[PDB]
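Just one chain follows, in the form solved without this ligand, and it is written as structure tokens.
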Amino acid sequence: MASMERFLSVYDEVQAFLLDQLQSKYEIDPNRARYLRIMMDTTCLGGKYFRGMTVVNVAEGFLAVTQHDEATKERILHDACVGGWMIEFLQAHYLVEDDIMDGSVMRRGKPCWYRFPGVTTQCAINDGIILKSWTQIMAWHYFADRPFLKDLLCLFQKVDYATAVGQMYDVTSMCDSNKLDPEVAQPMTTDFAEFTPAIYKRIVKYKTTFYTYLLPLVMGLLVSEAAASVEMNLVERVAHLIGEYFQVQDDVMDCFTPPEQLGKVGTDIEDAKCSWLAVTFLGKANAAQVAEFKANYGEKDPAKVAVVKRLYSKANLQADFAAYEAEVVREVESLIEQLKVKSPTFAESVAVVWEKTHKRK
């Protein structure tokens, strides 16, 4: 059976399970079940399932080299699909809550869930809560007797917490750290002293890399009982390296990808985000370019936004980007080779994870 159709079919199974349980144990009525079903589909479906399918792909790799009965192959593939959905639903939690926190308008070319007329923020906050709760319900039901339960839940819990800490890092990235104070309304930085490569790296590491790269790779190892085929420090290194690059691509697309292709009107500049473009620009600008950036960044005015985009284009950030890509392509290749000492298989899955990232469009 092709991997994606297995994955998709497990979505239907897991949804049915979730909703039936709500009826049989949580007293739900049919109308609220339908609401939840619609919420699930709208928030979990329609992406490319990069994350959840990496779990399947890692598991498929091990299956090709490991002796098992047919029933055990099917069990492993089903557990990888369930695991993959846990990650998709965790992403869906974060996208719903982030869209509300950021006042986002669209995502993937449709309104953000909270903007739907019969949702509202009041419901959407809780719907996003539910989405993460469902990841646990899936795990306890499908993995109850599994040896990897404990490790998987502990891993998931750390990845979730890493992500939440990343979200803080991101939303506070245009404030001066020394002025953070619940009691005082926060001003935008005026010096941009914290727009550095190291501070950027921290935001991105936590905000995305753990759930987008570390968790899919490690969950595939866990459902395969293969965590001893890897050096885990290497897996975390490669995950953070690739996930950084992922984010750099997202930052460049926010500023330069047409909204129709983006699924989104990009507002990083108006929002004063600590983006790769801003940090790279500040790393090479002269005094007068810096001052022009400071007078124009983090403002809603479209003319000031256009001034910042013009400054980036004049600064030929394309060449800094090509140079960053080359260094990544090189470091990722190094790490793949180190991964081959213990598992050619696993290294190949990481290679596929890299090709897909590098060519994403």
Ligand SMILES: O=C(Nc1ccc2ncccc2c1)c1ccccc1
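Residue numbers run from 1 along the displayed sequence.
J.: Given the B-factors recorded for C-alpha atoms, which segment has the greater mean, 106 to 114 or 69 to 77?
T.: Between 69 to 77 and 106 to 114, it is 106 to 114.
J.: Quick one: say whether 339 to 347 or 5 to 13 has the higher mean Cα B-factor in the deposited entry.
T.: Taking the mean C-alpha B-factor of 339 to 347 and of 5 to 13, the larger value falls to 339 to 347.
J.: Going by the entry, which of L262, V238, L153, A193 has the most elevated CA B factor?
T.: That would be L262.
J.: Can you tell me which of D41, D29, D320, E60 has the maximum CA B-factor listed in the PDB entry?
T.: Largest recorded C-alpha B-factor: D320.
J.: Which third, lowest, middle or highest, does the C-alpha temperature factor of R51 belong to within its own chain?
T.: Lowest third of the chain for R51's C-alpha B-factor.
J.: Going by what the PDB entry lists, where does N286 fall on CA B-factor within its chain: lowest, middle or highest third?
T.: Ranked within chain, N286 CA B lands in the highest tercile.
J.: Name the third of the chain's ranked CA B-factors that contains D127, choosing lowest, middle or highest.
T.: Within its chain, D127 is a lowest-third residue by C-alpha B-factor, going by the deposited values.
J.: Which third of the chain holds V308 when residues are ordered by C-alpha B factor: lowest, middle or highest?
T.: Highest third of the chain for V308's C-alpha B-factor.
J.: Check where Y200 lands among this chain's C-alpha B-factors and tell me if it's the lowest, middle or highest third.
T.: Middle third - that is where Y200 ends up once the chain's C-alpha B-factors are sorted.
Only in words, not in the display: the form deposited with this ligand bound, which the text now covers.
J.: Tell me, yes or no, whether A295 is in contact with this ligand in the entry with it bound, where a contact means a heavy atom of each within 4.5 Å.
T.: Heavy-atom contact with this ligand at 4.5 Å: absent for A295.
J.: Does the 4.5 Å heavy atom contact test between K201 and this ligand in the entry with it bound come out positive?
T.: So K201 counts as contacting this ligand.
J.: Should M138 be classed as touching this ligand in the entry with it bound when contacts are defined as heavy atoms within 4.5 Å?
T.: Heavy-atom contact with this ligand at 4.5 Å: absent for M138.
J.: Would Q338 sit within 4.5 Å of this ligand in the entry with it bound, counting heavy atoms only?
T.: Judged by the heavy-atom cut-off of 4.5 Å, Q338 is well away from this ligand in the entry with it bound.
J.: Can you tell me which residues in 44 to 62 come within 4.5 angstroms of this ligand in the entry with it bound, by heavy atoms?
T.: Counting only heavy atoms within 4.5 Å of this ligand in the entry with it bound, the single contacting residue of 44 to 62 is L45.
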